[PDB]
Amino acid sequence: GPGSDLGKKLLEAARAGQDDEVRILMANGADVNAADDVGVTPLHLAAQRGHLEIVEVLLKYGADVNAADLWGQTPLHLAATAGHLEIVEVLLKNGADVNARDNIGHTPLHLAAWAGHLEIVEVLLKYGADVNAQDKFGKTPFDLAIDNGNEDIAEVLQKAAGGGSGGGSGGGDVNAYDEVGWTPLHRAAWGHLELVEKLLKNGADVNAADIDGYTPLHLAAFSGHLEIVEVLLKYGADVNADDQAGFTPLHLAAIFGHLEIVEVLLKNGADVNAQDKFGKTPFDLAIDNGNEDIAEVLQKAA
């Protein structure tokens, strides 16, 4: 009753950054370790929303620096995600667990590298953050940095792992794959022509299939990138790859109306009689999707 009412007001005041309210509520008996029904504490909210002075007063009066909500998040996770450098430093100075894991397995380093906060990455590393930590999906902070295009952070993290310079341009294995079976070439196939070329020159497996059976050529045909399709075929892509996919690249091109891709696939040996898992040929799908030019070409291809 009275206490959880005060605790709730303190949660709201900490979230809102109301320093004077926080003082008054604490003086009137609001528990600094008040937690709502999902484990969120005033320190979580002050840290998340960037209210440094409140963070400091809560810690001064005994707030648990490593309190975890139901999702496994500590105040450091939230401050690292949000980019609040000074709060991150205050939390670490007060004994925050630098390698705490949220329920996905993210450490604060994962989240700061994901969200693009370089100075926080460096601070975490200086407080003992584990650069090799993997979350439950096998991702390191380096992987997440590169996944979100945070090249400067990726460069820093590779060096801290002992992998030398150059990490801003990707890891050391062109054929590394994640839990969905995606290689760098799968990622590049969505329009990054220069990277597709570089990866293939550096030994990328052109026919790698993901967990759903999709090769880079499928993804390039789905996303409509003619020049990438051409390059993949030039480096030996299987024009008729299916294998658990349940369709070929030619099926995708016929659905989405990519005439030049259809023609390139045919010129490279695509099979016009291939049936998807509903028994449809590319010609059937062009008809179904009202793609007249493509249907004509496929009907001419016999």
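When you see a residue number, it is the position in the sequence shown, counting from 1.
Across the two stretches, 186-194 and 172-180, the PDB entry reports the greater mean Cα temperature factor for 172-180.
For the pair 238-246 and 36-44, the mean B factor over Cα atoms is greater in 238-246. Highest CA B-factor among the listed residues (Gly138, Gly72, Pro216, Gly167): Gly167. In the deposited entry, the Cα temperature factor of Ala286 places it in the lowest third of its chain's modelled residues. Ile146: CA B factor lies in the middle third for its chain, per the PDB record. Per the deposited record, the Cα B-factor of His106 falls in the lowest third when ranked against the other modelled residues of its chain. The deposited CA B-factor of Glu119 belongs to the highest third of values across its chain. The PDB entry assigns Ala253 a C-alpha temperature factor belonging to the lowest third of its chain's modelled residues.
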